Structures are given as structure tokens and as C-alpha cells.
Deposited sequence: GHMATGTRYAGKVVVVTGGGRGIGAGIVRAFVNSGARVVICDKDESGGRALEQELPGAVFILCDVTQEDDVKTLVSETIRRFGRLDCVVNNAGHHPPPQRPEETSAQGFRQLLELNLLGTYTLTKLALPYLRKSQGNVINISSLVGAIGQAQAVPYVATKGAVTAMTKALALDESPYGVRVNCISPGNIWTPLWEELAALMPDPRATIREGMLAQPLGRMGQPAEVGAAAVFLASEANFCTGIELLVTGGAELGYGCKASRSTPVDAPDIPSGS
């Protein structure tokens, strides 16, 4: 209840799923949280539910939305300590030949450039507060995934960008880290499974892909984010895996 007391946190895509889990974890740690989302429904309800959280409508692909997000955060709360770049999307499974350069550009705009833009606008304030950046990447950036060339590329870019920015901001005392979740049960997971011939089988397969035998929860990603913000003062440029062990483990012609 006090690990991050007096601090101000912005969470993008905070209206549902992992983002909402991160919002709740930071509020529970004593922080004030700005919920950014492009959709009003979940984030507005979350603002009413949680004392200490407020909602600001902001599409992270729109530079002027992001400029206003930062200026309103400072105007309302007087400081900025942590930026969690969680907004992102996974398209449905797509064979490589079914992808397009334009679809790839659009996914880069959200998953990569939206993270870049908010971070850039927030860094002057994070320097003043010796704050930190947390990017939500993905395990599949590191190990690959089938039928997801554009998505995987965007997450490889986020993980690498995290390390580069960690180097650049280290002299100024600003840490930059990422979390790479595996299968987390969220509305996006539920939506993608509903597109499949047998959604139930797809979900069962998703649970069994982890040695722990279940999918992860938004709250577990949230606890990892609070650790990185509040207690990981010698960690910068790390990739914190929250995957349940999915990356572990496993005639000649």
C-alpha cells in the first residue's frame, strides 16, 4: 500500500486486460494512475471504481493525443514517475503471403511508434523525477510465433528499443525495462480464440503451452510492473519474462 506512494503513473491501454491489471497493481501500491485508452468503456468505469485512478481518452498513434496526455498528467498531478507502454494489438493469425506492407506499417504505428512517442514526450519529466519506463513486449519477440510475422517483428523491435534507450537514459538516472508476457488470459486472448474453428480447443492448447498448466493473469503482469518501478533500482534494460515457463524445453531425412 506504500511501495509507490506519492508517485504518478501513466498506463496506456489501461482500460482492460493486462493494462487494467497494471492500473490496479499501481493503485494498490499507493500511486496515482492515469489510465490512457482509445476506448472509453472500460477505462471510464475503472476511474469510477478506483480512487486514485483517472481516465484520459488518448489514441497513442495520434501524436497530439499523446502530447495532451502528458500535459494533462502534469497539470493535474504535478509530476510523472513511470510510463507503462502497454497499448498494443495482435492481429488474427495470418500466413506470411496474406500479410501486407500496409498492414505491417499500421501495426508498427501502434505496437512500436506509440510506445516511442509517449516515451519521448514523457522523458523530460521522468528525468526530473528519476522515474522509469516499462514497455510491454512479448515472449514471441524473442522466440517467434507462427502466423504472426508483423506482430513478432513489432515486439522484437520493442525489446531491442528498450535496451537502446536504457543505455541512452542511464546517465540521467532513468531506468528503461520491459516485460515480456506469454499467454495471459485477457479479452484479446478471448477474441482471437473466438475466431478459431474450435475456440475451446484453442484455449486448452493455450493453457497447456506453459509448464505451469494455466495462462497468466493481468494481476501477475501488474505485480511485475510494480516491482520494476518501485524496487528494481539496479535493473535497466532487462526483459522480465512472465510466461509460466513457455520458453523452456522442447528419422533424420
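K.L.:
Would you mind checking the deposited sequence against the model and listing the stretches with no C-alpha coordinates?
P.N.:
Gaps vs deposited seq, in order: 1-5, 256-267, 271-274.
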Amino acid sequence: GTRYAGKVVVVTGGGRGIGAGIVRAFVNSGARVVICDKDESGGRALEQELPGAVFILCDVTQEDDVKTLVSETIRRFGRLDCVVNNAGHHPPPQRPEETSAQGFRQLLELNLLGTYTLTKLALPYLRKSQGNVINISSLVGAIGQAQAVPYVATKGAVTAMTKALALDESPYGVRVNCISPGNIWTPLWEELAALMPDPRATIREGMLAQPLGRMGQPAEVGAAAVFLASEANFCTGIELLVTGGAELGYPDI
From here on, numbers count along this sequence of modelled residues.
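K.L.:
Would you tell me which stretch averages the higher CA B-factor in the PDB entry, 90-98 or 111-119?
P.N.:
Here the higher of the two C-alpha B-factor means belongs to 90-98.
K.L.:
Can you let me know which of the two, 99-107 or 77-85, has the higher average C-alpha B-factor in the entry?
P.N.:
Per the PDB entry, the higher value belongs to 99-107.
K.L.:
Identify, among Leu195, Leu188, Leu46, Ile184, the residue whose C-alpha carries the highest B-factor in the deposited PDB entry.
P.N.:
Highest C-alpha B-factor among the listed residues goes to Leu195.
K.L.:
Could you check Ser137, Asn132, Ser170, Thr162 and tell me which one carries the biggest Cα B-factor in the deposited entry?
P.N.:
Spelled out: the listed residue with the top C-alpha B-factor is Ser170.
K.L.:
Where does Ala153 sit by CA temperature factor within its chain: lowest, middle or highest third?
P.N.:
According to the entry, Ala153 has a C-alpha B-factor in the chain's lowest third.
K.L.:
Quick check on the deposited entry: does the C-alpha B-factor of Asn177 sit in the lowest, middle or highest third of its chain?
P.N.:
As the PDB entry reports it, the C-alpha B-factor of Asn177 lands in the lowest third of its chain.
K.L.:
Lowest, middle or highest third: where is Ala223 by C-alpha B factor in its chain?
P.N.:
Its C-alpha B-factor, which the entry lists for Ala223, ranks in the lowest third among residues of this chain.
K.L.:
Place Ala166 in the lowest, middle or highest third of its chain's C-alpha B-factors, as listed in the PDB entry.
P.N.:
Within its chain, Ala166 is a lowest-third residue by C-alpha B-factor, going by the deposited values.
K.L.:
Can you work out whether the C-alpha temperature factor of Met207 puts it in the lowest, middle or highest third of the chain?
P.N.:
Its C-alpha B-factor belongs to the highest third of this chain's values.
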